[PDB]
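Asker: this one is an experimental structure. Sequence first:
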Amino acid sequence: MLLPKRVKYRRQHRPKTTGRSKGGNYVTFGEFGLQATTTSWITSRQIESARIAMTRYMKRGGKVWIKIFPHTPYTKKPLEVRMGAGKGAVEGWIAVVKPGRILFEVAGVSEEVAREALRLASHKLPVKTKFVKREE
Amino acid sequence: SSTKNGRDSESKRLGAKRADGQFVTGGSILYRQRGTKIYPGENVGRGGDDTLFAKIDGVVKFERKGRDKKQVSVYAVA
Amino acid sequence: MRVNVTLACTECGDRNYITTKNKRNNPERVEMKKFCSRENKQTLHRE
RNA sequence: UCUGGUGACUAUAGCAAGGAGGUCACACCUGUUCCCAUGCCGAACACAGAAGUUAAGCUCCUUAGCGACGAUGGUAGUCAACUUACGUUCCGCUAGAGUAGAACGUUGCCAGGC
RNA sequence: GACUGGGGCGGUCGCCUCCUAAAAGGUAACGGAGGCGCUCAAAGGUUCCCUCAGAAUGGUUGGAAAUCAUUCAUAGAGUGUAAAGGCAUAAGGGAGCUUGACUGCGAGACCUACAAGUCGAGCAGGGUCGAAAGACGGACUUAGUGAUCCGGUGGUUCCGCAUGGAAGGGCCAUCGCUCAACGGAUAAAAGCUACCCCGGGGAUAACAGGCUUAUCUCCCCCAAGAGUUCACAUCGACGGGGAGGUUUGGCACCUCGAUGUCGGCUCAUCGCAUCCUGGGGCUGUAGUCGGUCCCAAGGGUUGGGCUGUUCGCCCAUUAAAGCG
RNA sequence: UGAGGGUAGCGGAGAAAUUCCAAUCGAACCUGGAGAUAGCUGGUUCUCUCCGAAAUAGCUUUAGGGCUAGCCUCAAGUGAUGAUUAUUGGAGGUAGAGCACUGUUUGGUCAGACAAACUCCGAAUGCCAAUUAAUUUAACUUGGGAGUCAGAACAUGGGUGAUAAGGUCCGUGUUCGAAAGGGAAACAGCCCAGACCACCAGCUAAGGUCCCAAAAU
Ligand SMILES: [Mg+2]
Ligand SMILES: [Mg+2]
């Protein structure tokens, strides 16, 4: 469960989601990556589920680096309430991606093993990804 | 539930009152500010509450002097 | 306690200033001297 | 030009390692007889001055490692226009931040003695 | 008393600084986050000098942060009190003398519906520190507060109802407020109405229509695993994608000179996401029975006890006792 | 149960229900003060000509009301002070980008990331000016008379809600409000375009060319 220890403010505005990625476009540690091509929030439960899926098919014979972290919290009010009179408590934590940003990296495993190992994690993430190797 | 918030001070109109190049008179207010964002120069007097104003009547210039510091001068003949 | 007082000149009997003092830090009467109106001089002042 | 005072352009002047020099001067340095000085101390600020030395300071020179300065070219944005509902597209202006090349070991004013 | 995503209940009402505020000023919500209703006789004026946090090394080890010295520091401390802008020009840190925490003013401008608020060079009267030029009418800056009327106190070169005095009024100087609902109705104020009555409004609620789909009902993708081995007979974790518009809701657009509200009788009628019957495909289907999934709306779909019942639970059947 | 009588509206009577007192009783009926009062509803009668708004701010025992300011109108007076680009100067910290600071953060001082209340930096536009040139025709001052203080969709920067609503609350622009006409099958707000009246003439915009239905099977 990925969350920061302390944040300076608990209720923040919603992040902007149009354009193209600021930075973090290239594989820099590993050898094979998973860059998204559509913009969405990812809410830190769907990274616990796409990390373990990569871990099992690799037989723990390589390393896994996740390159995103949910910094921004998002709110919600309970069911059957009227509008206004405040702003709701923190439900969970989101992280914004934009098309180009590498999500996951692998290293220490073959190519034809890792290509069928990243497909088991893109079906638990909302965005449409593809399989990018290192800059040569 | 409730909110503990709201509750703001209204405003204090706080910026440049005259512009670079025009004839200001003998007591015109040239800047309102907190602290000294822009220093007093020559023929310009820094007032109390730091609102710098002109002394002799002439043109104004906003001119730079340091790395990150600025000053306001007033020159006589127009 | 901080209670405002009202000064008075001695050679001429007329109140002409106001101040505030702290009753703990100065229990005794304040004895400054300031400009007066009737004499154009600076005599004493005392509550 | 070459030394010192003294303001300006104000890291392209800086910071750090090396190397050279000294009656012309600036310093370093010895002193408490007094004006003057420590909330402890001639260390300092004063004050007296045959002598003692370039060692550090300041002064000159070179090496671009650090800081500062920085194009052209392209991208991100975006005022206007035209379709459009798509985490939009195409066309016309302007033009960033980062990054490469590079400039760079200061350019000058005025009185006083060489 | 008013605001109020109907009213009530809870909350809040004025001033100060930041953010949303869209690179000038301005700018809303029951949007996000903090303070204020004071304190200083030196923490004010002026003059002369000093520069900080921490880090690291050493020693009565007071962890090197009690105190003690050296380096390194670029502002990472401090500035009465919140936060923003600002400054080692110091606006920060220590000493001596000191009352400018002055009387009469004020060209100009900022700001603003009005009332108010803010900055002010310079000119005179008296002073203070400094050798002098000069600086000083409160505090590094902005919050620390409240119209009028009425009464109290000190002054006065002003009137004083025939004349002389007086009681009274006048101007100048100060005092009485959680009037805090803070531009303050009055010196003085709480409830009930289903016994209710007039003026209004779909400007504003309850029922139904409408938009939306978090909830609700079904449908699906990836697949770890349960099933002797065996992901897919069957079940489908952790996560992702939609359709329907029946539930509980959100918005207040239509109707307050009437849209008047639950279940069962009477009589219908339509949808397919099919309970029965008709035709197939897999099956962990031997045979009888079953389980799932696809095409299929032609007809059919019981009689009672208990509840106002919606759901529901039970009794006897039946080919079946379908959901909207 | 008949007959004759008594109690009267701040009042009578009540085996008690706000029950009855001339078809009406949480306080009867009739004339008078009285044409009570109403910030709330309905209504308000002849014709042409010119200009033509607002639904916002501040305070309110205020929130569907009022007063001043804003926007329109008629008359007087000063008389280029109004607008638009071009060149020029300057104030300021958004979008973007970057971690030098304040917090966040993954893998071994090095590599990478995040930010409404972070900034070594920082546009495009906007804003204030010069009294400089070019095209245009407004603008301030004093006085007479009202209106308005319920705004709506669409586009584009953001808040709140669920990157929900034809939701609600602010900034800038347009149309409806107060606007007919052609188009979108029908449809105040979308796209083209502003009707002085007449004509059985002409060229075009948005959109269209088989037929209904004008124009290319
Ligand atoms: Mg004035
Ligand atoms: Mg005024």
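Answerer: Now that the structure is in, tell me what you want to look at. Numbering: from 1, shown residues only, chains lettered A, B, ... in the order given. Ligands and ions are numbered 1, 2, ... in the order given.
Asker: for the residue of chain B found nearest RNA strand D, phi and psi?
Answerer: Residue nearest to RNA strand D within chain B: residue B:67 (5.4 Å; Cβ to the nearest atom of the strand). The way it works is simple: take the backbone N, C-alpha and C, and place the C-beta from them, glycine included. Backbone geometry at residue B:67, expressed as degrees, to the nearest 10, gives phi -70, psi -50.
Asker: separation between it and RNA strand E?
Answerer: For residue B:67, the distance to RNA strand E equals 10 Å [Cβ to the nearest atom of the strand, to the nearest Å].
Asker: could you give the number of residues near that residue?
Answerer: 5 (other Cβ atoms under 10 Å in any protein chain shown).
Asker: OK, contacts around the one residue sitting closest to the centre of chain B?
Answerer: Taking Cα atoms, centre = their mean, the centroid of chain B lies closest to residue B:31, which sits 1.7 Å from it. Residue B:31 makes contact with B:15, B:16, B:17, B:37, B:38, B:51, B:52, B:72 under the criterion Cβ atoms under 8 Å, 6 or more residues apart in numbering or on different chains.
Asker: how much space between the residue lying closest to it once chain neighbours are set aside and residue B:46?
Answerer: Among residues not flanking residue B:31 along the chain, residue B:52 sits closest, at 5.3 Å (Cβ to Cβ, 6 or more residues apart in numbering or on different chains). Using Cβ to Cβ, to the nearest Å, we find residue B:52 at a distance of 5 Å from residue B:46.
Asker: now do the shared contacts for the two.
Answerer: residue B:40.
Asker: so for those two, which residue has more residues nearby?
Answerer: residue B:52 (20 against 16).
Asker: you'd agree that one is up against residue B:40?
Answerer: Yes. Under the criterion of Cβ atoms under 8 Å, residue B:52 makes contact with residue B:40 at 4.8 Å.
Asker: shared neighbours, the two?
Answerer: Joint contacts of residue B:52 and residue B:40 (Cβ under 8 Å, 6+ apart) are B:46, B:72.
Asker: neighbours around residue A:73, how many?
Answerer: Residues within reach of residue A:73, counting by other Cβ under 10 Å, total 18.
Asker: on that earlier part again, and the contacts of residue B:31, which two are furthest apart?
Answerer: Pairwise distances across the contacts of residue B:31 (Cβ to Cβ) peak at 14.0 Å, for the pair B:17 and B:37.
Asker: what helix or strand is the closest residue to residue B:20 other than its chain neighbours on?
Answerer: Leaving out its chain neighbours, the residue that sits closest to residue B:20 by Cβ to Cβ, 6+ apart is residue B:62, at 5.3 Å. Residue B:62 is part of strand B:59-64, with elements assigned from DSSP states H and E.
Asker: in that strand, which residues are buried?
Answerer: For strand B:59-64, burial by neighbour count (16 or more other Cβ atoms under 10 Å in any protein chain shown) applies to B:60, B:62.
Asker: follow-up on the earlier one: any idea how far the residue nearest to residue B:31 is from residue B:13?
Answerer: In terms of Cβ to Cβ, residue B:52 sits 16 Å off from residue B:13.
Asker: briefly note if stretch A:40-51 comes near RNA strand E.
Answerer: Yes. Counting by Cβ under 7 Å from any atom of the strand, RNA strand E is contacted by stretch A:40-51 at A:40, A:43, A:45, A:46, A:48, A:49, A:50.
Asker: give me the contact list for that stretch.
Answerer: Here stretch A:40-51 has contacts from A:1-3, A:15, A:17, A:64, A:66, A:68, A:70, A:74, A:92-97, A:104, A:121-122, A:124-127, using Cβ under 8 Å, 6+ apart.
Asker: quick check: end-to-end length of it?
Answerer: 18 Å (Cα to Cα, to the nearest Å).
Asker: ok, back up a step: quick one: contacts for the residue nearest to residue B:31?
Answerer: B:30, B:31, B:33, B:38, B:40, B:44, B:45, B:46, B:72 are the contacts of residue B:52 under Cβ under 8 Å, 6+ apart.
Asker: select from the residues you listed the one having the most neighbours.
Answerer: residue B:72 (24 neighbours).
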